[PDB]
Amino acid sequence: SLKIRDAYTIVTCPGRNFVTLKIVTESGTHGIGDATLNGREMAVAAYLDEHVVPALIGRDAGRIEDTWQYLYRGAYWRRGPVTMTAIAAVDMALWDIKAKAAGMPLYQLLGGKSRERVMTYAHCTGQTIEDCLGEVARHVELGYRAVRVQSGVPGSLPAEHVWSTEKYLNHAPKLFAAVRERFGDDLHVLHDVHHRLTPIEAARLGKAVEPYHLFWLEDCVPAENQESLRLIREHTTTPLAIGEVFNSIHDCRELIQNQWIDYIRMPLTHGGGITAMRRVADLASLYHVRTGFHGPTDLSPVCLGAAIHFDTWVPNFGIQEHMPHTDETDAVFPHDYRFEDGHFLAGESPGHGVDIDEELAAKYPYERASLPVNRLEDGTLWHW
């Protein structure tokens, strides 16, 4: 393997912000990794630019494991979203370089294909239940076998939304009943609670939606305290998914080992890269837990390409979220993964199959954009 000659970040906004890390070896071979942390992007950019990048110069790029441990342990302050995203970007770039050196697409390096295609789900959202059903129909036509459904509840800086738990709990089952009435049983139907309930509230929701057989009920409750899942699991057989806001195996080890969830959602970019996520997937597999990588637009095509490779190999694959990037984003990040009849197909190019067009990236300057916050009707700052 060859030494790192150069490493640098690229920041671009082709429809939204992305941060990318590029590593270049003495042979000229290079790899890239996603470093995007939505709404806190420059924290990661600075973590990389000032503290990590300079330490990479001269390192042996082949030493993926050593580098991961060096950045993880060597930071002294361990775990965290900025921290683990910086580490993920390095890790992804190094796996890219290793696969290129091997002359293999990334999935081959990981252990080869376990499946012929990677099932996705699409976001189907409407203001009304009827609007949502319209979106489902349009996505089913495109070949999506699974859909995440959400509808309105009647009644630069962060936007401020208002929330009512009880109005939502009383309304949500109506959406799922309408989805089943219109589409029947074959369709996989997913729902994202987006952190807003307490455990016994989520247990009530879980029970209420059992007749609709959801693929998963996602992020029922904030789970910094992993025990938060216990009451839900004890009271419902609706499958549960969690973890897009996680960055470490230590955020979910207990959730997994106690069989409190069915799908782990932590993605490559935020969960410490391929190196770390293999270990999470493997722990999950001991307990029948499957992968369900977060895949919003705010993870770049670099992450998506690598995710599709990972998805193609991992035995306990569950599903891959798909929120299509804009044409501008796809142009900045040329890639060889393909979408066909509701599924991804991994690329065959050595590496994870994604590149970055630096000249085109430079046409789209960073523009600050923040995630919304949520407040209760009395003004209480809540979970968004």
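Take the two forms, find the largest set of C-alpha atoms that superpose within 1.5 Å, and that set is the rigid core. All residue numbers are counted from 1 along the displayed sequence.
In 7 other deposited structures of this protein, superposed on the rigid core, the segment with the larger root-mean-square CA displacement between 204 to 212 and 77 to 85 is 77 to 85. According to the PDB entry, the deposited sequence contains 10 or more residues between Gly155 and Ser156 that lack coordinates.
Taking the mean C-alpha B-factor of each stretch as recorded, 158 to 166 and 94 to 102 are not equal, and the higher mean is that of 158 to 166.
Look at the mean CA B-factor for 108 to 116 and for 245 to 253 in the entry; the higher one is 108 to 116. Residue-level inspection of the entry shows that, of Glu321, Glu358, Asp34, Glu65, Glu358 has the top Cα B-factor. Comparing C-alpha B-factors across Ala75, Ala172, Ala146, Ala88 in the deposited entry, the largest value falls on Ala172. Per the deposited record, the Cα B-factor of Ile129 falls in the highest third when ranked against the other modelled residues of its chain.
In this PDB entry, the Cα temperature factor of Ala346 sits in the bottom third of its chain's modelled residues, the lowest group. The PDB entry assigns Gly353 a C-alpha temperature factor belonging to the lowest third of its chain's modelled residues. Among all modelled residues in its chain, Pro296 ranks in the highest third by Cα B-factor. Sort the modelled residues of the chain by CA B factor and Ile23 lands in the middle third.
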